[PDB]
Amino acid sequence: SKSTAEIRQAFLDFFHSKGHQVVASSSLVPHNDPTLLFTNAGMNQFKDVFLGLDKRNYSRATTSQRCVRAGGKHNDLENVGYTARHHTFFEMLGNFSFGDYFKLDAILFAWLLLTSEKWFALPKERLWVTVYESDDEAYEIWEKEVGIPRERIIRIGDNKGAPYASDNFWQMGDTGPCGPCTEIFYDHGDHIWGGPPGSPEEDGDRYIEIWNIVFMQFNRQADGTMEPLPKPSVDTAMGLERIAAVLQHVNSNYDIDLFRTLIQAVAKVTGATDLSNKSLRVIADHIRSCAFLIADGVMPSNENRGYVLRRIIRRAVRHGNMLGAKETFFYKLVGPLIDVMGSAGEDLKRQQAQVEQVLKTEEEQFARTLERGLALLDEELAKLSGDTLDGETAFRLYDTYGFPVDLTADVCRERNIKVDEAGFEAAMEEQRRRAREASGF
């Protein structure tokens, strides 16, 4: 089968042959978008093009964009290790139309690449599509132009409990370009639990969302109002790891060539032997987000972007502790990561030494309190009455041991214990009041 690198290149070659300008991945950190924590989509760097504020010499483009979804509008951190399809760091294979082609040709391009004998040649019968309920045009295209049997065309409304809150209406964030979308799903088979989109078991890993095609129509405002974009446009993204799983005839993203090699490296540095352990997958994912974030300029801190990075690093180190790592290990994964990322890791390779030192320093710093904090958490859980850890304890782990509350919740989750978030926040607010009282005016 094709490697992840070959699949990335094949996608770009396809759209290039269809007249799309190949544009390099942007950084994970925007310089000119205050509404954006980390790059969470291929379209981010073209946001102003969609808004009609920026013009390019090309009207159609294709990228393989590195994305991190660990905060803001799109945050999958808590899904990592619990599904076979969610990462913090991942690549979007995208094509874009800036007032060029629209609905029909976007769908045809995607179907052709996916199903043509000349290209990816996926079995058509295992492909399902969803459309926004009101998008009669998209429904007709799949049914009559493409020829998907009606039983595999699913209409999805505002299933998230609010106007425009839908799996088939994509939004960059609370503000920004948005519009109705159509998604392509692949059925991995009855050996995997799950039902098709729209069904009660849709959240299973059986029917995987591979490719989302957005018909950009509006610019959302802070108040929630939709203002029409100057030109209806197209924003698409196929998950590289997810299509790689399909093409390499495996079911989990973590079973693709990239992750198989990376997980082996994690086992090597932690001393783990059970290659099926959940923590190995978590660490493999976390090194990708952490290493690339540092390469793109993020430094660990206790505020904003730096704190999200610190939280992910420390959670990764914690998982290494559960696997029984005897020494500093996380920074040792930068090399192996560069080795599996191909051309998509060039920015990381350029700064390998710097990234390694940052991760080494951060792990050593956290090691000063990690085992001691875990010992306290064990002590408190052993005598805990009920299914919820008190907020005072979560706060003490935060204040004394530097345990972010989500790191503490992560450990407790593994033992079917919840954390009193309201209690933690109350404790944090009490401390802020003490600081204000002591500092004065």
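Throughout, we count residues from 1 along the sequence that is shown.
Comparing the deposited coordinates for 269 to 277 and 183 to 191, the stretch with the larger average C-alpha B-factor is 269 to 277. Note on 41 to 49 vs 373 to 381: mean CA B-factor is higher in 373 to 381. The entry assigns its greatest Cα B factor, within the set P300, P163, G147, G81, to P163. Ranking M92, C290, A222, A244 by Cα temperature factor from the entry places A222 first.
When the modelled residues of the chain are ordered by C-alpha B-factor, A427 sits in the middle third.
Annotation for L333: C-alpha temperature factor in the middle third relative to the rest of the modelled chain, per the entry.
In the PDB entry, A70 places in the middle third of its chain by CA B-factor.
Sort the chain's modelled residues by C-alpha temperature factor and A10 lands in the middle third, per the entry. Among the modelled residues of the chain, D235 sits in the lowest third by CA temperature factor in this PDB entry.
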